[PDB]
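>>> Here is the sequence, then the experimental structure:
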Amino acid sequence: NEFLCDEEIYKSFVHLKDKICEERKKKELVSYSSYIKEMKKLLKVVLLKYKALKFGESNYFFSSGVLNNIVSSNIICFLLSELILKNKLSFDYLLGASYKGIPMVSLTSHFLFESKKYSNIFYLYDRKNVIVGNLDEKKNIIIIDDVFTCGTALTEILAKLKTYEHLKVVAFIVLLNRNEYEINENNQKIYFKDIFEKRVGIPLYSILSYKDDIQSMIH
Amino acid sequence: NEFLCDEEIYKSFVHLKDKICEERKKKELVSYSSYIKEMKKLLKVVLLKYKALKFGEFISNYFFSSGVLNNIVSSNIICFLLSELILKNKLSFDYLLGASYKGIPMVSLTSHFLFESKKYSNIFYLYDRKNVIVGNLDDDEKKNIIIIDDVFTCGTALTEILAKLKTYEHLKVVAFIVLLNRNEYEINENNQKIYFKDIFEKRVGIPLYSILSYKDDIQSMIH
């Protein structure tokens, strides 16, 4: 048994969470970034421990089902909440993409609520009546999901939401962006994230990325 | 408008959550019960404020919908109390399973309140789709599951989850916990009410617990 035990993970989560909040309040950006990076290290340990990441022939596989435990989801949902606060994203609703986003959205709401900036936080989810929650000049939605490859899943949710005239999506937040790309006529990588952001006019944020976080696990 | 504002609801939730935990730790049962009953009052105010309860005539004299409870001020109270049912009744479990869809955002947050008890090194939660059970499974001794859902009428929805779980040989359900039991019944040959809860418990051999019940909590709202 080769990884930090859950009791140690939690202790480290608590310490890092306190420092990250403290530094955000003090507006010390360099320290904030650094403590975020430490939390991301802890999260990568978790991903390996619970085997959310597996290696060997893509050269890695990612599954979020093994992250449905509170010690793991605390880290994840805390960091989703931090992306919202750090980037000062304004919203009326958070929407958890079915199914993986759904247990994330309540718990992320819980971490946001600790900022004391909100009198409540209203969250939604989509089935497969297709949008459920406290509904009915445009209301703004941030969508949460686990993984971004080409944007196929987020595009389907956008289709469901096009029906609802008074709703607008203003951001996507995700645990992992795979940094997928296509090569163009000049032998340059054109990333799906950039193509997707351009097509739908909405920014995507991610806790982790293949390039910054996963590739250094490969060897 | 006519109801406590969300800031006040939260302040009251915090106060009552602290007293409830304190009294459970001290094993003062009468005080614990009493503070639970205060939280239930607050929850009833929430159900009326967000119109999770509506009155008149439906297909019964009240209608219940949990979609308006998907906000943290309301789900705090609900999920806290689901956690307290687990603790108070000393229910042992390896997993919590949130019934799709309503139970799913409840299960993580209920896991969060359980985790505050410091009895657990982690809490592992599941959910079903409609491959069919998602979470930290190795499994196809038995692992124990408590199922969480919003409303119990005859048990049709819980029965469907049991069917999905029958495939998994190493899993066993040891309790159902629910926000509301409607206390539905049939009348028998002696003009006695036989409750679906009792019939359901007997058929599947698994206890059901509920935060609220029609008889104890909702009837007095009617007039």
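Yep, that arrived. Numbers count the residues shown, from 1 in each chain, chains lettered A, B, ... in the order given.

>>> residues making contact with the helix or strand hosting residue A:195?
For residue A:195, the element it lies in under DSSP states H and E is helix A:192-200. Here helix A:192-200 makes contact (Cβ atoms under 8 Å, 6 or more residues apart in numbering or on different chains) with A:148-151, A:154-155, A:158, A:177, A:179-182, A:203-204. Bear in mind the C-beta positions are built from the backbone N, C-alpha and C, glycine included.

>>> ok, then the element right after it?
Once the chain leaves helix A:192-200, the next helix or strand it forms, by DSSP H and E, is strand A:204-209.

>>> that older thread, pick out whichever of the contacts of helix A:192-200 sits closest to residue A:219.
For the contacts of helix A:192-200, the closest approach to residue A:219 (Cβ to Cβ) belongs to residue A:179, at 18.3 Å.

>>> Ramachandran angles for the residue nearest in space to the middle of chain A?
With distances taken as Cα atoms, centre = their mean, residue A:174 lies nearest the centre of chain A, 2.9 Å away. Phi and psi for residue A:174, reported as degrees, to the nearest 10, are phi -140, psi 150.

>>> what about it, distance to chain B?
The gap separating residue A:174 from chain B is 17 Å, by Cβ to the nearest Cβ, to the nearest Å.

>>> which residues sit in contact with that residue?
Here residue A:174 is in contact with A:144-148, A:204-207 (Cβ under 8 Å, 6+ apart).

>>> likewise residue A:75?
A:9, A:13, A:39, A:42-43, A:46.

>>> In JSON lines: the residues you listed, plus secondary structure and distance to residue A:216.
As requested, the contacts of residue A:75 are arranged in JSON lines below (DSSP: H, G, I helix; E, B strand; the rest coil; distance: Cβ to Cβ, whole Å):
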{"residue": "A:9", "secondary structure": "helix", "distance to residue A:216": "20"}
{"residue": "A:13", "secondary structure": "helix", "distance to residue A:216": "22"}
{"residue": "A:39", "secondary structure": "helix", "distance to residue A:216": "17"}
{"residue": "A:42", "secondary structure": "helix", "distance to residue A:216": "15"}
{"residue": "A:43", "secondary structure": "helix", "distance to residue A:216": "14"}
{"residue": "A:46", "secondary structure": "helix", "distance to residue A:216": "16"}
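
>>> and of the residues you listed, the nearest to chain B?
Compare each of the contacts of residue A:75 with chain B using Cβ to the nearest Cβ and the shortest gap goes to residue A:9, at 8.8 Å.

>>> My guess is the closest one contacts residue A:48. True?
No: shown here, residue A:9 and residue A:48 do not form a contact pair, counting by Cβ atoms under 8 Å, at 11.7 Å.

>>> So these two - more neighbours on which side?
Under the criterion of other Cβ atoms under 10 Å in any protein chain shown, the comparison of residue A:9 against residue A:48 puts residue A:9 first, with 22 against 15.

>>> May I have the residues that are in contact with that one?
Applying Cβ under 8 Å, 6+ apart, the residues contacting residue A:9 are A:42, A:45-46, A:71, A:75.

>>> which of the contacts of residue A:75 are buried?
Members of the contacts of residue A:75 that pass the buried threshold by neighbour count (16 or more other Cβ atoms under 10 Å in any protein chain shown) are listed as A:9, A:13, A:39, A:42-43, A:46.

>>> check whether stretch A:101-108 contacts chain B.
Yes: using Cβ under 8 Å from any Cβ of the partner chain, stretch A:101-108 reaches chain B at A:102-107.

>>> Can you go through the residues you listed and name the buried ones?
A:102-107.

>>> Now go through these and say which are in helices.
Helix and strand membership here follows DSSP state H; of these, those in helices are A:102-107.

>>> Please identify which pair of those lies farthest apart.
The two members of these with the most space between them (Cβ to Cβ) are A:102 and A:107, at 10.2 Å.

>>> List the buried residues of the helix holding residue A:195.
Along helix A:192-200, these residues count as buried under the neighbour rule (16+ other Cβ under 10 Å): A:192-193, A:196.

>>> Hmm, residue A:118 is touching residue A:112, no?
Yes: applying Cβ under 8 Å as the test, residue A:118 and residue A:112 come out as touching, 6.7 Å apart.

>>> more crowded one of the two?
The neighbour comparison of residue A:118 against residue A:112 (other Cβ under 10 Å) goes to residue A:112, with 22 against 15.

>>> residues contacting residue A:20?
With Cβ under 8 Å, 6+ apart as the criterion, the residues that contact residue A:20 are A:32, A:35-36, A:39, A:82.

>>> which pair in these spans the largest distance?
In terms of Cβ to Cβ, the contacts of residue A:20 reach their longest pairwise distance at A:32 and A:39, which sit 10.8 Å apart.

>>> So which residues on chain A come close to chain B?
Within chain A, the positions near chain B by Cβ under 8 Å from any Cβ are A:5-7, A:50, A:65-66, A:68-71, A:73-74, A:96, A:98-99, A:102-107, A:109-110, A:113, A:119-125, A:127, A:132-134.

>>> In ChimeraX, select just the buried ones from the residues you listed.
Remark: buried members of these, expressed as a ChimeraX selection using 16+ other Cβ under 10 Å:
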select /A:6,50,65,66,68,69,70,71,73,74,96,98,99,102,103,104,105,106,107,109,110,113,120,121,122,123,124,125,132,133,134
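
>>> So which of the residues of chain A next to chain B are in helices?
When DSSP H is applied, the residues of chain A next to chain B are split such that A:6-7, A:70-71, A:73-74, A:102-107, A:109-110, A:113 fall in helices.

>>> of all the residues you listed, which comes closest to residue A:92?
Of all those, the one with the least separation from residue A:92 (Cβ to Cβ) is residue A:109, at 12.6 Å.

>>> how far away is the closest one from residue A:134?
Remark: distance between residue A:109 and residue A:134 (Cβ to Cβ, to the nearest Å) = 12 Å.

>>> and if you look at residue A:124?
Residue A:124 sits 8 Å away from residue A:134 when distances are taken as Cβ to Cβ.

>>> list residues touching both of those two?
Each of A:93, B:70 lies in contact with both residue A:124 and residue A:134 under the rule Cβ under 8 Å, 6+ apart.

>>> if I pick residue A:48, what's in contact with it?
Here residue A:48 is in contact with A:3, A:217 (criterion: Cβ under 8 Å, 6+ apart).
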